[PDB]
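2 protein chains.
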Amino acid sequence: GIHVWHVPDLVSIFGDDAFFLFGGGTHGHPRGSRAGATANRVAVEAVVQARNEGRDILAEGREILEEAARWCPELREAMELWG
Amino acid sequence: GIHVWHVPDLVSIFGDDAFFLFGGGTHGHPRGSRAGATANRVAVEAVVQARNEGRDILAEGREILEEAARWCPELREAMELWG
Ligand SMILES: O=C(O)[C@@](O)(COP(=O)(O)O)[C@H](O)[C@H](O)COP(=O)(O)O
Ligand SMILES: O=C(O)[C@@](O)(COP(=O)(O)O)[C@H](O)[C@H](O)COP(=O)(O)O
Numbered sequence: 367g368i369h370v371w372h373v374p375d376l377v378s379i380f381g382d383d384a385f386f387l388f389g390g391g392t393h394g395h396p397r398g399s400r401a402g403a404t405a406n407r408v409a410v411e412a413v414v415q416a417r418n419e420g421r422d423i424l425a426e427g428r429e430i431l432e433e434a435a436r437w438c439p440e441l442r443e444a445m446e447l448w449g
Numbered sequence: 367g368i369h370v371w372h373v374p375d376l377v378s379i380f381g382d383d384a385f386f387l388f389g390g391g392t393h394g395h396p397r398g399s400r401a402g403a404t405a406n407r408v409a410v411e412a413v414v415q416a417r418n419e420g421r422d423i424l425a426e427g428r429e430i431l432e433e434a435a436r437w438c439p440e441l442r443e444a445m446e447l448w449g
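Going line by line, the protein sequences match chains A and J. The opening residue of the first sequence carries number 367 in the deposited numbering; numbering runs sequentially from there. The opening residue of the second sequence carries number 367 in the deposited numbering; numbering runs sequentially from there.
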């Protein structure tokens, strides 16, 4: 039962050599599966980029996700729906 | 100085044989011009189609635009920002 909000913690644990499966976190998006997949893809790619830039993921996950939703609506709707 | 909110009034006054120019209503979108041009395009087609459906425009413009924004992310931002 993972969604966009769990992306920063997941990247902290598993690094880059792992699979993240969003069963209900993709199809549960308020605008279908295409938006849900884009939201998760944007969330992961944004958190990884910040980690590669030296930011502290565990502490700045919320800020990274907000900054990415600031330019991606699909992630914005995903976050405001869950958690 | 016309934005998405004025589309129900513009379509009612002018009909379908006219040009609508969104100069500052396209580039003033909180996410650029390509996002702004989509919100203007979706708003017009939603109002025009709902007029071909027989629904009243001058009274149900707000509702029509809200149903359009429910599935268009670009239109939702434009309606939130202006008015
Ligand atoms: O069957 C399910 O629920 C899932 O498809 C999750 O889909 P959602 O993402 O929609 O919950 C997973 O296969 C199980 O959770 C496996 O968990 P484990 O890896 O512990 O076996
Ligand atoms: O200069 C401007 O304001 C515009 O570029 C509109 O920009 P916005 O769309 O940002 O207002 C138009 O040329 C004038 O409004 C013309 O108005 P008229 O058609 O009455 O000459």
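All C-beta atoms in this analysis are idealised placements derived from N, C-alpha and C, irrespective of residue type, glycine included.
Quick one: is the Cβ of residue i within less than 8 angstroms of any heavy atom of ligand 4?
i, result
"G391/A", "Ligand 4 is absent from the structure shown, which contains only ligand 1 and ligand 2."
In terms of residues, what are the limits of the alpha helix (DSSP H) holding residue i?
i, result
"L447/J", "439-447"
"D375/J", "373-380"
Can you find a heavy atom of ligand 2 that lies under 8 angstroms from the Cβ of residue i?
i, result
"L387/J", "yes"
"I423/A", "no"
"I379/J", "no"
"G402/J", "no"
"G367/J", "yes"
Report yes if the CB atom of residue i is closer than 9 angstroms to the CB atom of residue j, and no otherwise.
i, j, result
"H369/A", "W448/A", "yes"
"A444/A", "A401/A", "yes"
"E433/A", "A412/A", "yes"
Just to check, is the beta-carbon of residue i closer than 8 angstroms to a non-hydrogen atom of ligand 1?
i, result
"residue 457/J", "Absent from the model: residue 457/J. The displayed extent of chain J is 367 to 449, so no value can be given."
"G398/A", "no"
"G394/J", "no"
Start-end ranges of the alpha helix (DSSP H) lying completely within the stretch 388-426 of chain A, minimum 4 residues: Taken in chain order, the whole alpha helix (DSSP H) runs of length 4 or more contained in the stretch 388-426 of chain A are 390-393, 399-418.
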